[PDB]
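Source file: coords_34.tsv; contents: TSV, C-alpha atoms.
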```
chain	number	residue	atom	x	y	z
A	1	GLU	CA	0.00	0.00	0.00
A	2	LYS	CA	1.56	3.21	-1.28
A	3	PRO	CA	2.30	6.51	0.52
A	4	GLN	CA	0.50	9.39	-1.02
A	5	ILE	CA	2.18	12.71	-1.81
A	6	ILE	CA	-0.63	15.20	-1.31
A	7	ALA	CA	-0.55	18.83	-2.42
A	8	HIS	CA	-1.99	20.11	0.88
A	9	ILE	CA	-1.53	23.88	0.46
A	10	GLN	CA	0.01	26.16	-2.15
A	11	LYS	CA	0.60	29.78	-2.88
A	12	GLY	CA	1.68	31.74	-5.88
A	13	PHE	CA	4.59	34.12	-5.47
A	14	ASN	CA	5.32	36.79	-8.17
A	15	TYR	CA	9.19	36.61	-8.41
A	16	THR	CA	11.86	33.89	-8.85
A	17	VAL	CA	12.24	31.58	-5.84
A	18	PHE	CA	15.48	29.60	-5.64
A	19	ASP	CA	15.21	28.02	-2.18
A	20	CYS	CA	12.86	27.38	0.70
A	21	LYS	CA	13.33	26.18	4.31
A	22	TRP	CA	11.13	25.51	7.33
A	23	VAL	CA	11.79	27.88	10.19
A	24	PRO	CA	12.69	25.43	12.98
A	25	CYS	CA	10.28	25.00	15.93
A	26	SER	CA	7.47	26.81	14.09
A	27	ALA	CA	4.71	26.50	11.56
A	28	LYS	CA	6.69	29.01	9.45
A	29	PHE	CA	8.92	28.81	6.38
A	30	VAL	CA	11.07	31.14	4.27
A	31	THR	CA	11.53	31.47	0.54
A	32	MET	CA	14.32	33.34	-1.16
A	33	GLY	CA	15.13	34.55	-4.64
A	34	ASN	CA	14.69	37.78	-6.62
A	35	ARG	CA	13.82	44.64	-10.34
A	36	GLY	CA	16.82	42.26	-10.16
A	37	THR	CA	17.03	42.75	-6.41
A	38	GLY	CA	16.93	39.96	-3.80
A	39	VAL	CA	14.10	38.80	-1.57
A	40	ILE	CA	13.39	36.62	1.42
A	41	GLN	CA	9.75	36.03	2.28
A	42	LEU	CA	8.43	34.66	5.54
A	43	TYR	CA	5.25	32.51	5.54
A	44	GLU	CA	3.20	30.83	8.30
A	45	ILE	CA	0.58	28.11	8.08
A	46	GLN	CA	-2.49	29.54	9.85
A	47	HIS	CA	-6.15	28.52	9.52
A	48	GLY	CA	-4.89	25.66	7.31
A	49	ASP	CA	-3.98	28.63	5.03
A	50	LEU	CA	-0.68	30.36	4.07
A	51	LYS	CA	-0.13	33.86	5.50
A	52	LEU	CA	2.69	36.00	4.07
A	53	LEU	CA	4.18	37.57	7.21
A	54	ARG	CA	7.14	39.58	5.87
A	55	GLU	CA	9.24	40.33	2.89
A	56	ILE	CA	12.75	41.57	2.86
A	57	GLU	CA	14.30	43.20	-0.16
A	58	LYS	CA	18.06	42.92	-0.46
A	59	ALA	CA	20.53	44.32	-2.97
A	60	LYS	CA	21.22	41.12	-4.81
A	61	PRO	CA	19.20	38.01	-5.58
A	62	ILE	CA	19.47	35.30	-2.82
A	63	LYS	CA	20.33	31.77	-4.07
A	64	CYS	CA	20.19	29.52	-1.00
A	65	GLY	CA	19.80	29.47	2.76
A	66	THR	CA	20.02	27.24	5.84
A	67	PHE	CA	19.01	27.34	9.59
A	68	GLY	CA	21.38	24.46	10.24
A	69	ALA	CA	23.90	26.67	12.14
A	70	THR	CA	21.45	28.84	14.22
A	71	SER	CA	20.05	28.56	17.74
A	72	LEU	CA	16.38	28.39	18.90
A	73	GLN	CA	16.56	31.80	20.56
A	74	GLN	CA	17.96	33.46	17.43
A	75	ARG	CA	16.71	31.34	14.50
A	76	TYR	CA	18.89	33.31	12.04
A	77	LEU	CA	18.78	32.55	8.26
A	78	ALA	CA	22.26	32.09	6.71
A	79	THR	CA	22.12	32.93	2.99
A	80	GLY	CA	24.37	32.86	-0.13
A	81	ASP	CA	23.58	35.50	-2.79
A	82	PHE	CA	24.53	36.11	-6.45
A	83	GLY	CA	27.51	38.40	-5.73
A	84	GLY	CA	29.23	35.85	-3.52
A	85	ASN	CA	28.11	37.20	-0.17
A	86	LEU	CA	27.28	35.13	2.81
A	87	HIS	CA	24.84	36.83	5.21
A	88	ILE	CA	23.28	35.83	8.47
A	89	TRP	CA	19.95	37.49	9.10
A	90	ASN	CA	17.67	38.15	12.01
A	91	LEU	CA	14.31	37.85	10.28
A	92	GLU	CA	12.66	39.99	12.99
A	93	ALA	CA	15.23	42.76	12.24
A	94	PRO	CA	16.83	42.14	8.82
A	95	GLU	CA	17.94	45.69	7.84
A	96	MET	CA	21.49	44.91	8.89
A	97	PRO	CA	23.02	41.41	8.85
A	98	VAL	CA	24.33	39.80	11.97
A	99	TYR	CA	27.25	38.48	9.82
A	100	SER	CA	28.50	39.61	6.44
A	101	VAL	CA	31.42	38.44	4.30
A	102	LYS	CA	32.06	38.64	0.54
A	103	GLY	CA	33.18	35.00	0.94
A	104	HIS	CA	33.33	34.19	-2.70
A	105	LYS	CA	34.05	35.86	-6.03
A	106	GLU	CA	30.87	34.55	-7.77
A	107	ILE	CA	27.39	33.25	-6.91
A	108	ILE	CA	27.14	31.10	-3.86
A	109	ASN	CA	25.27	28.12	-5.45
A	110	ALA	CA	24.84	26.04	-2.32
A	111	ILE	CA	24.96	26.27	1.47
A	112	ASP	CA	24.65	23.95	4.48
A	113	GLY	CA	24.78	24.58	8.27
A	114	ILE	CA	25.61	22.12	11.07
A	115	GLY	CA	25.90	22.39	14.94
A	116	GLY	CA	22.98	24.71	15.43
A	117	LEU	CA	19.52	23.67	16.63
A	118	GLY	CA	21.24	20.87	18.68
A	119	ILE	CA	21.98	18.87	15.53
A	120	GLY	CA	25.65	17.99	15.18
A	121	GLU	CA	28.39	18.05	17.80
A	122	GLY	CA	30.85	20.86	17.73
A	123	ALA	CA	30.55	24.57	17.33
A	124	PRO	CA	28.11	25.73	14.61
A	125	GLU	CA	29.54	26.07	11.07
A	126	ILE	CA	28.20	27.07	7.63
A	127	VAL	CA	29.61	25.68	4.36
A	128	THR	CA	29.20	27.63	1.11
A	129	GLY	CA	29.90	26.25	-2.41
A	130	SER	CA	30.43	28.74	-5.27
A	131	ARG	CA	30.57	29.18	-9.03
A	132	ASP	CA	34.12	30.39	-8.28
A	133	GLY	CA	35.01	26.67	-7.75
A	134	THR	CA	35.74	26.93	-4.04
A	135	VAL	CA	34.09	25.52	-1.01
A	136	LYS	CA	34.55	27.39	2.29
A	137	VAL	CA	33.67	26.64	5.91
A	138	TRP	CA	32.68	29.50	8.24
A	139	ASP	CA	32.42	29.85	11.97
A	140	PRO	CA	29.93	32.69	12.66
A	141	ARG	CA	32.12	33.72	15.70
A	142	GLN	CA	35.00	34.49	13.31
A	143	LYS	CA	34.28	37.43	11.11
A	144	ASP	CA	36.06	37.92	7.71
A	145	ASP	CA	38.00	34.66	7.17
A	146	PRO	CA	36.77	31.07	6.78
A	147	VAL	CA	38.06	28.35	9.06
A	148	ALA	CA	38.63	26.04	6.06
A	149	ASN	CA	38.89	26.58	2.36
A	150	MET	CA	38.75	23.68	-0.10
A	151	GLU	CA	39.85	24.61	-3.61
A	152	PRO	CA	42.23	23.29	-6.20
A	153	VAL	CA	45.97	23.81	-5.79
A	154	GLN	CA	46.96	27.20	-7.35
A	155	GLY	CA	48.11	25.70	-10.69
A	156	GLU	CA	44.89	23.76	-11.32
A	157	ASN	CA	41.75	25.10	-13.05
A	158	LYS	CA	38.57	26.04	-11.07
A	159	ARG	CA	35.26	24.24	-11.84
A	160	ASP	CA	31.79	25.31	-10.66
A	161	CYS	CA	30.50	24.03	-7.34
A	162	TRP	CA	26.80	23.25	-7.42
A	163	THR	CA	26.18	21.56	-4.09
A	164	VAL	CA	27.64	21.11	-0.62
A	165	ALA	CA	26.66	18.91	2.29
A	166	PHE	CA	27.80	18.49	5.91
A	167	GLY	CA	28.08	15.00	7.33
A	168	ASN	CA	29.71	12.74	9.89
A	169	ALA	CA	29.21	15.25	12.72
A	170	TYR	CA	28.72	12.80	15.58
A	171	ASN	CA	31.40	14.31	17.89
A	172	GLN	CA	33.44	17.57	18.28
A	173	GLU	CA	36.36	16.44	16.07
A	174	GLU	CA	34.48	14.46	13.40
A	175	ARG	CA	32.95	16.47	10.52
A	176	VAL	CA	33.05	16.20	6.72
A	177	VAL	CA	32.01	18.30	3.75
A	178	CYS	CA	30.94	16.56	0.57
A	179	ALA	CA	31.05	18.84	-2.51
A	180	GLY	CA	29.65	18.33	-6.01
A	181	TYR	CA	30.66	20.07	-9.27
A	182	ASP	CA	29.45	20.88	-12.87
A	183	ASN	CA	31.72	18.17	-14.41
A	184	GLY	CA	30.36	15.34	-12.16
A	185	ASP	CA	33.14	15.65	-9.56
A	186	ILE	CA	32.26	14.63	-6.03
A	187	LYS	CA	34.88	15.38	-3.40
A	188	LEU	CA	34.69	14.43	0.24
A	189	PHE	CA	36.75	16.49	2.60
A	190	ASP	CA	37.53	15.64	6.18
A	191	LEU	CA	37.63	18.80	8.25
A	192	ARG	CA	39.36	17.29	11.41
A	193	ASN	CA	42.75	17.27	9.69
A	194	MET	CA	42.21	18.75	6.24
A	195	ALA	CA	42.09	15.52	4.18
A	196	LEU	CA	40.68	14.54	0.81
A	197	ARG	CA	39.02	11.43	2.17
A	198	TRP	CA	37.42	10.40	-1.17
A	199	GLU	CA	36.93	11.73	-4.71
A	200	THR	CA	34.82	10.39	-7.58
A	201	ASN	CA	33.36	11.51	-10.91
A	202	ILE	CA	29.75	10.79	-12.02
A	203	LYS	CA	30.01	11.93	-15.63
A	204	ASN	CA	27.33	14.66	-15.33
A	205	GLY	CA	26.90	17.78	-13.10
A	206	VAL	CA	26.21	16.91	-9.47
A	207	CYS	CA	23.06	18.90	-8.88
A	208	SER	CA	22.54	17.90	-5.20
A	209	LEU	CA	24.33	15.93	-2.46
A	210	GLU	CA	22.85	14.94	0.91
A	211	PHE	CA	23.96	12.48	3.60
A	212	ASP	CA	21.17	10.36	5.00
A	213	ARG	CA	21.57	11.97	8.46
A	214	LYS	CA	24.12	14.70	9.36
A	215	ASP	CA	25.06	13.88	12.94
A	216	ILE	CA	25.87	10.15	12.84
A	217	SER	CA	28.81	8.23	11.46
A	218	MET	CA	28.52	8.57	7.64
A	219	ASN	CA	25.94	5.99	6.55
A	220	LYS	CA	24.60	6.73	3.05
A	221	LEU	CA	25.17	9.56	0.58
A	222	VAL	CA	22.98	10.43	-2.32
A	223	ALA	CA	24.16	12.36	-5.33
A	224	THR	CA	21.73	13.53	-8.01
A	225	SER	CA	22.53	14.49	-11.54
A	226	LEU	CA	21.42	15.53	-15.11
A	227	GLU	CA	19.53	12.83	-17.21
A	228	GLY	CA	17.31	11.65	-14.34
A	229	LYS	CA	20.28	9.94	-12.72
A	230	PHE	CA	21.03	9.60	-9.00
A	231	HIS	CA	23.49	7.52	-6.98
A	232	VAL	CA	23.33	6.16	-3.48
A	233	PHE	CA	26.78	5.37	-1.94
A	234	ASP	CA	27.26	3.13	1.06
A	235	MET	CA	29.59	5.30	3.20
A	236	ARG	CA	30.37	2.73	5.92
A	237	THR	CA	33.03	0.85	3.91
A	238	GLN	CA	35.81	2.55	1.90
A	239	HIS	CA	38.25	0.67	-0.26
A	240	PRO	CA	41.37	2.94	-0.20
A	241	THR	CA	41.59	2.88	-3.99
A	242	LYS	CA	38.23	1.66	-5.20
A	243	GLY	CA	36.09	3.95	-3.04
A	244	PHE	CA	32.50	3.49	-1.92
A	245	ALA	CA	29.96	1.07	-3.32
A	246	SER	CA	26.95	2.58	-5.05
A	247	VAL	CA	23.72	1.97	-6.98
A	248	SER	CA	22.44	4.35	-9.64
A	249	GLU	CA	18.81	4.94	-10.62
A	250	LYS	CA	17.39	6.68	-13.64
A	251	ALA	CA	14.31	8.40	-11.96
A	252	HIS	CA	13.06	10.85	-14.61
A	253	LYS	CA	14.26	11.72	-18.10
A	254	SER	CA	14.95	15.24	-16.71
A	255	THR	CA	17.53	16.81	-14.33
A	256	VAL	CA	17.18	15.50	-10.77
A	257	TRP	CA	17.32	18.78	-8.90
A	258	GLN	CA	17.35	17.72	-5.22
A	259	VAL	CA	17.37	14.80	-2.88
A	260	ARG	CA	15.98	15.19	0.75
A	261	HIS	CA	16.04	12.39	3.32
A	262	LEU	CA	13.19	12.25	5.77
A	263	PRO	CA	14.51	13.76	9.01
A	264	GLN	CA	12.41	11.22	10.89
A	265	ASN	CA	13.68	8.33	8.73
A	266	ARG	CA	17.10	8.05	7.07
A	267	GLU	CA	16.12	5.21	4.62
A	268	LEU	CA	13.37	7.37	3.15
A	269	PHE	CA	13.99	10.11	0.57
A	270	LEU	CA	12.32	12.32	-1.99
A	271	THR	CA	13.75	13.34	-5.32
A	272	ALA	CA	12.60	16.46	-7.19
A	273	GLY	CA	12.96	16.40	-10.99
A	274	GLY	CA	13.15	18.72	-13.95
A	275	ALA	CA	9.49	18.56	-14.93
A	276	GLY	CA	7.75	19.01	-11.56
A	277	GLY	CA	8.13	15.37	-10.65
A	278	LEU	CA	8.48	14.19	-7.05
A	279	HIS	CA	9.53	10.59	-6.52
A	280	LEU	CA	9.67	8.96	-3.09
A	281	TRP	CA	12.28	6.21	-2.65
A	282	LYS	CA	13.29	3.85	0.12
A	283	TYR	CA	16.70	2.24	0.28
A	284	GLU	CA	17.01	-1.50	0.84
A	285	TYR	CA	20.28	-2.72	2.42
A	286	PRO	CA	21.77	-6.02	1.18
A	287	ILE	CA	22.20	-8.98	3.64
A	288	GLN	CA	25.80	-7.83	4.26
A	289	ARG	CA	26.76	-4.19	3.53
A	290	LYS	CA	36.39	-8.51	1.03
A	291	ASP	CA	37.78	-8.32	-2.55
A	292	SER	CA	40.16	-10.59	-4.57
A	293	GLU	CA	43.07	-9.31	-2.35
A	294	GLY	CA	41.09	-9.60	0.94
A	295	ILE	CA	40.52	-5.81	1.22
A	296	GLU	CA	37.08	-4.68	2.32
A	297	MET	CA	34.70	-2.90	0.02
A	298	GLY	CA	31.04	-2.02	0.40
A	299	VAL	CA	28.08	-3.85	-1.06
A	300	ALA	CA	25.45	-1.66	-2.79
A	301	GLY	CA	21.73	-2.26	-2.02
A	302	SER	CA	18.69	-1.24	-4.04
A	303	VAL	CA	16.15	1.56	-4.18
A	304	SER	CA	12.47	1.00	-4.71
A	305	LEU	CA	10.11	3.71	-5.95
A	306	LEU	CA	7.24	4.16	-3.52
A	307	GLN	CA	5.18	6.91	-5.20
A	308	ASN	CA	5.53	9.63	-7.73
A	309	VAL	CA	3.49	12.62	-8.81
A	310	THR	CA	3.98	15.55	-11.18
A	311	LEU	CA	2.97	18.62	-9.24
A	312	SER	CA	4.36	21.48	-11.29
A	313	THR	CA	4.76	22.98	-14.75
A	314	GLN	CA	8.38	23.86	-13.94
A	315	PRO	CA	11.41	22.27	-12.18
A	316	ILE	CA	10.85	21.58	-8.52
A	317	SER	CA	14.19	23.14	-7.56
A	318	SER	CA	14.10	22.99	-3.75
A	319	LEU	CA	12.54	20.93	-1.01
A	320	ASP	CA	12.60	20.77	2.77
A	321	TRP	CA	11.01	18.23	5.10
A	322	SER	CA	9.58	19.57	8.40
A	323	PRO	CA	11.81	18.81	11.40
A	324	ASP	CA	8.71	19.38	13.64
A	325	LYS	CA	5.92	17.36	12.00
A	326	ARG	CA	6.67	14.12	10.19
A	327	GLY	CA	5.82	13.92	6.45
A	328	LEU	CA	5.09	17.61	6.31
A	329	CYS	CA	7.16	19.07	3.48
A	330	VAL	CA	7.63	22.35	1.63
A	331	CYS	CA	8.88	22.76	-1.95
A	332	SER	CA	9.44	25.56	-4.43
A	333	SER	CA	9.19	25.65	-8.16
A	334	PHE	CA	10.15	27.82	-11.13
A	335	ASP	CA	6.41	28.25	-11.83
A	336	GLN	CA	6.57	30.72	-8.90
A	337	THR	CA	4.52	28.47	-6.55
A	338	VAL	CA	5.47	27.29	-3.05
A	339	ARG	CA	3.74	24.05	-2.01
A	340	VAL	CA	3.06	22.47	1.32
A	341	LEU	CA	2.87	18.75	0.84
A	342	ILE	CA	1.78	16.05	3.18
A	343	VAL	CA	3.28	12.60	2.75
A	344	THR	CA	1.05	9.91	4.18
A	345	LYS	CA	1.94	6.59	5.73
```
File written out as C-alpha cells:
Amino acid sequence: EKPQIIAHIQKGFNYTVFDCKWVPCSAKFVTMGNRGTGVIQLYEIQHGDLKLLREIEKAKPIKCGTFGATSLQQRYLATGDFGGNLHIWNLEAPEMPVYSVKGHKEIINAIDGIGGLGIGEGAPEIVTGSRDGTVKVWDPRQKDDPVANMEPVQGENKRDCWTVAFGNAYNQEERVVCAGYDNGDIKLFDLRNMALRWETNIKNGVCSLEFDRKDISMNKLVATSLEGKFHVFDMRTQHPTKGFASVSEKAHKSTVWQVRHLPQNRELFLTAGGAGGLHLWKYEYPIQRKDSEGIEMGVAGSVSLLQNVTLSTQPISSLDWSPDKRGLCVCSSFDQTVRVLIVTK
C-alpha cells in the first residue's frame, strides 16, 4: 500500500524563488530569490492557510539558505547570494546582517549549516559552495576569514560548485564536507585534519548531495545528476583505492534537482525532478553491507520507488522536510509556486 504525496496547500509568489526552508520550531517557512534585487519572504501556516508575514528586499538576488547553524533563541537565516556574499539574518530585524562576508568571487550556489539547533556536535559552522570553484567553511564567531577553504591547488583550473553537504558530525572532532561540481566531480573532505578522504566523478553535473543523516557516522550519501540519474553510496566501507559502493537509478528523463532524506527516517527520501516530478524512494540494504586481495569494500543495495506525482509545470528546484511534524514538506518551483505537501503513511 503506497504513501501518497498530497498537495496540501500552495501559494503563488510573483518573483523567482530559488530556495525554501522551514523555520525550525514553528509553523513558518522562508523562501528566497529575486527589479533584479533579492528577496526573502516569511510565511506561516495559519487557519490551514498560508499567510505571508514579511518580505525583505536585499541588494542582490538570494540563491540559497540554511538554519542548520542557528540557535532556537535566534533562529537566524544564513544565505548565499549572487555576488558571492554570505549573510546571516535576524528575520525579525533584517535591515542589517548579523554576519556579512564577501566570501566568494561569484554566486554562492549552495549552502549547508551544522551544529545549530542541537543537531551535530561541535561549534556551529556554515559551508558555502560557489561558481568560483571553491568551497569554504565559516564559523559565525570568526568574522572575515573562513576556518577552512577547499579549492584546487593554485596551478589547477577552477570548476563550478553546485552543491555542498555536511556529514559525519557525531562528535566535536568528526565532521566532513561533501562537494559536487558541474563536471560530475564529487569530493569528500575531512575537516578534522584537512584531508581529501574520497573523490569520484559521475560523468554529469552533481546537482545535489545529501547524507542520509548529518550527525551520525557517515551511513549513506545520495548524489543527483542531469539525465534523471542519482546515486546512493554506502559510506560505511571505503576501499582505499576503489572507493564506496553505489547503486544508480534513472528516476526521470529530466535533471534530478534535489534529494531530501526524511529527518524522521534516514532510509526514506524524496527526489525532485526537472518537470515538476516528485519521486519517493526507500533504500534497501543487502544482507551484508572482502575483494580478490582480501581488502574490504562495500556492497550496494537497491532503491524501490514508492510513489511519484507531477505537481508542477516547472522544475521543482528545492525541497525541505519539516523537522517538527513528520511527512510535512515544503517545496518551491520555477512556476513561482510554493507548495506544502503532506506525505502519508
To one decimal place, how far is CA of residue 16 in chain A from CA of residue 161 in chain A in Å?
21.1 Å
Please provide as JSON, numbers by chain all residues within 12 Å of residue 63 in chain A, with the sequence filter that same-chain residues fewer than 2 positions apart are discarded (counting all atoms listed in the file).
{"A": [16, 17, 18, 19, 20, 31, 32, 33, 34, 37, 38, 39, 40, 58, 60, 61, 65, 66, 78, 79, 80, 81, 82, 83, 84, 85, 86, 87, 106, 107, 108, 109, 110, 111, 128, 129, 130, 131, 162, 163, 317, 318]}
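Each of A:227, A:324, A:182, A:121 was checked against residue 214 in chain A using all atoms listed in the file; the smallest atom-to-atom distance is that of A:121.
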Just to confirm, what's the straight-line distance from CA of residue 43 in chain A to CA of residue 339 in chain A in Å (one decimal)?
11.4 Å
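For the set A:213, A:273, A:172, A:246, the residue with the smallest atom-to-atom gap to residue 226 in chain A is A:273, counting all atoms listed in the file.
Nearest-residue note for residue 164 in chain A: choosing from A:308, A:258, A:201, A:332, the minimum distance belongs to A:258, counting only C-alpha atoms.
Here CA of residue 68 in chain A is placed at a distance of 5.4 Å from CA of residue 116 in chain A.
When all atoms listed in the file are used to compute distances to residue 290 in chain A, the closest of the residues A:210, A:41, A:191, A:239 turns out to be A:239.
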Need to verify the contact set: residue 99 in chain A, 12 Å, all atoms listed in the file, exclusion of same-chain residues closer than 6 positions in sequence. Can you return it as a PyMOL selection string?
chain A and resi 76-80+85-90+126+138-145
Which polymer residues have any atom within 7 Å of an atom of residue 229 in chain A, counting only C-alpha atoms, with same-chain residues fewer than 4 positions away left out, as number ranges by chain?
A: 224-225, 248-251, 256
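Taking all atoms listed in the file into account, residue 100 in chain A lies nearest to A:146 out of the set A:133, A:252, A:146, A:212.
Using only C-alpha atoms, the smallest distance between any of A:267, A:274, A:253, A:105 and residue 334 in chain A comes from A:274.
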Selection near residue 199 in chain A, 10 Å with all atoms listed in the file, sequence-local residues under 6 positions removed, as number ranges by chain:
A: 178-180, 185-189, 243-244
